[PDB]
Amino acid sequence: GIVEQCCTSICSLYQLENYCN
Amino acid sequence: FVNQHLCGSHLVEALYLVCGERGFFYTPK
Ligand SMILES: [Zn+2]
């Protein structure tokens, strides 16, 4: 999920957008 | 956009900003 993707490693703006509604 | 580890409340504010009026879901488990 989000922690592993964007905290543990790094997320691009596009990857962050996966968590929007 | 910033190129970095976004954790905790920093992650949440990143979502708030990026998502706009759509909102977001934060499920860390
Ligand atoms: Zn801080």
Side-chain angles (χ1 to χ4, degrees):
Chain A
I2 198 150
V3 172
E4 358 314 301
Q5 277 208 305
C6 309
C7 168
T8 288
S9 72
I10 299 166
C11 267
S12 67
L13 172 58
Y14 298 106
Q15 290 168 115
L16 211 56
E17 299 205 282
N18 280 161
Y19 307 102
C20 306
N21 298 322
Chain B
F1 208 84
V2 74
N3 190 56
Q4 61 128 338
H5 293 284
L6 293 168
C7 292
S9 55
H10 299 301
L11 186 41
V12 172
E13 226 352 81
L15 289 171
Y16 181 70
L17 179 68
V18 164
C19 303
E21 283 165 81
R22 276 185 276 166
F24 62 93
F25 62 85
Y26 174 69
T27 53
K29 254 287 70 216

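Below, chain A is the first sequence line, B the second, and so on; all start at residue 1. What you see below is based on every heavy atom in this structure, not just the backbone, and it leaves out hydrogens, waters and symmetry mates.
- Following chains of ILVMFWY side-chain contacts shorter than 4.5 Å, one can reach B:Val18 starting from B:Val2, so the two form part of one hydrophobic cluster.
- Atoms CG and CG, on B:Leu17 and A:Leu13 in that order, are 9.0 Å from each other to the nearest 0.5 Å.
- The CD1 atom of A:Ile2 lies 4.0 Å from the CG atom of B:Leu15; values are rounded to the nearest 0.5 Å.
- A donor-acceptor pair under 3.5 Å links the side-chain atoms of B:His5 to the main chain of A:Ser9, judged by distance alone.
- Within the 4.5 Å cutoff, no side-chain heavy atoms of B:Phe24 are placed close to those of A:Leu16.
- Closest non-hydrogen pair, B:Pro28 versus A:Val3, comes out as CB-CG2, 3.7 Å.
- Contact between A:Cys20 and B:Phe25 at its shortest, heavy atoms only, is O-CE2, 3.6 Å.
- Identified under the side-chain hydrogen bond (donor to acceptor under 3.5 Å, both in side chains) test for residues 10-27 of chain B, with sequence neighbours left out: A:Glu17-B:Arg22.
- A search for side-chain contact (heavy atoms from CB on, under 4.5 Å) contacts involving A:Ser12 returns A:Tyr14, A:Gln15, not counting sequence neighbours.
- Side-chain atoms of B:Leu11 and A:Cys6, non-hydrogen and from C-beta on, do get closer than 4.5 Å to each other.
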